[PDB]
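Quick heads-up: it's one chain on its own, the form deposited in one PDB entry, in structure tokens.
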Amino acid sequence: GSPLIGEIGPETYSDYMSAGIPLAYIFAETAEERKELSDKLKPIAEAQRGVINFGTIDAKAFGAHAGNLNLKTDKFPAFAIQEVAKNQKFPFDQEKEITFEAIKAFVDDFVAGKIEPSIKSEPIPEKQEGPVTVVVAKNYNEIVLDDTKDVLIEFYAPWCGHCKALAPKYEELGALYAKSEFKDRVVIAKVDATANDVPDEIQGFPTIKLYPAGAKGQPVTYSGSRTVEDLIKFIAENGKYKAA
């Protein structure tokens, strides 16, 4: 009982996910605009039967889902494609008008493999304050892969109980190094890996690695007791600068 451009919602989402082809989302705040945009994009959906499923989504009720398509919050109408298989997101520029011509070119590019998957990132923080350096996807290379510095990097999730138990100690470690004679050469850093796409393949949280100066292709994964004392030892034993 459903039209070519269906409705993406609580009842329909799992079938869209199990269909095994990508899903294009037409976000609009009102049903009227949803219908207008559906009519404009229908010939694209028609041409892509069996290759991409298209659907409308209620941006009033489900606006927060735009973020999970690496779209910007609260800028509608909006369009994006989700490659379910590879978990990749292809947002369409929300400063641009959604038209038949623009979306057709975007979709053709997608099918042709001509668009690079978007990268999820928090923004670069304006100021670097607090003794633990905040890493996001956009500054990972610059901070973590800085070949002149021994970089301790914690990959964490905010919903994780273990990460919460580590936080105060990891902070105390950062404050210690920031006041030490090693403040020039040791970096103590953290990254919310659920809010940033990072290169590392993380199996569970928290994970801590050392990326030593001059050996950035051989990070060392930490597997000790997670005490401040044991982390200092780890840094001194595995870092280029033997910094403790």
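Residue numbers here begin at 1 and follow the sequence given. Think of the rigid core as the biggest set of C-alphas that the two forms share within 1.5 Å after superposition.
Omitted here: the form deposited with a partner chain bound. The next part is about that form.
Sole residue of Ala175, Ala61, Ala215, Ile202 within 4.5 Å of its partner chain in the deposited bound form, by heavy atom: When its partner chain is considered in the deposited bound form, the option within 4.5 Å is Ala61.
Pick from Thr30, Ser180, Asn68, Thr194: which residue has any heavy atom within 4.5 angstroms of its partner chain in the deposited bound form? Only one listed residue qualifies here, and that residue is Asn68.
Can any non-hydrogen atom of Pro10 be found within 4.5 angstroms of its partner chain in the deposited bound form? Yes - in the deposited bound form, heavy atoms of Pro10 and its partner chain come within 4.5 Å of each other.
Can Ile188 be called a contact residue for its partner chain in the deposited bound form at 4.5 Å between heavy atoms? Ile188: no, not in contact with its partner chain in the deposited bound form.
Non-hydrogen atom contact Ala19 with its partner chain in the deposited bound form at 4.5 angstroms: No, no contact at 4.5 Å.
Is there a heavy atom of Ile57 no more than 4.5 Å from a heavy atom of its partner chain in the deposited bound form? Residue-level check for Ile57: yes, a contact with its partner chain.
Using a rigid core alignment, state whether the CA of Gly113 is displaced by 2 Å or more between this form and the one not shown. After core superposition, the C-alpha of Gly113 moves less than 2 Å between this form and the one not shown.
Quick check: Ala19 between this form and the one not shown - does its CA shift reach 2 Å or more after fitting the rigid core? Yes; that C-alpha moves by at least 2 Å between this form and the one not shown.
Please state whether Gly130 has a C-alpha shift of 2 Å or more between this form and the one not shown, with the rigid core used for the fit. No, because once the rigid core is superposed, the C-alpha of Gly130 moves less than 2 Å between this form and the one not shown.
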